[PDB]
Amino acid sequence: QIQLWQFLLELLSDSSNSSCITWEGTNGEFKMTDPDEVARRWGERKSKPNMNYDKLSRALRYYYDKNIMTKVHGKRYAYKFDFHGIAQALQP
């Protein structure tokens, strides 16, 4: 029942997934160093094997007005978690 933003947090919290996703700095910004792999592993986790990057991207973009996550303007495959929103949600 896990949601996408949590799964990314799960991957980032585990230093070993740096092969495909990694922290950038310390203020909640991250980079998908292997975007196709992030989409494939999110596919495994949610039992949806036609998961691909286009669909992963569409889901990430959906969060833009939901105090979850926004896409970083200068960079490719970069997002920044909404610090206040993620903090708030990660309690209930």
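For every residue, the number given is its place in the sequence shown, counted from 1.
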- Message: Tell me which stretch has the larger mean Cα B-factor in this entry, 40-48 or 27-35.
- Response: 40-48
- Note on the structure: Once average C-alpha B-factors are taken from the entry for 71-79 and 15-23, the winner is 15-23
- Message: Test of reading the entry: by CA B factor among the chain's modelled residues, which third contains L90?
- Response: highest
- Query: Compared with the other modelled residues in the chain, in which third is the CA B-factor of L4?
  - Reply: middle
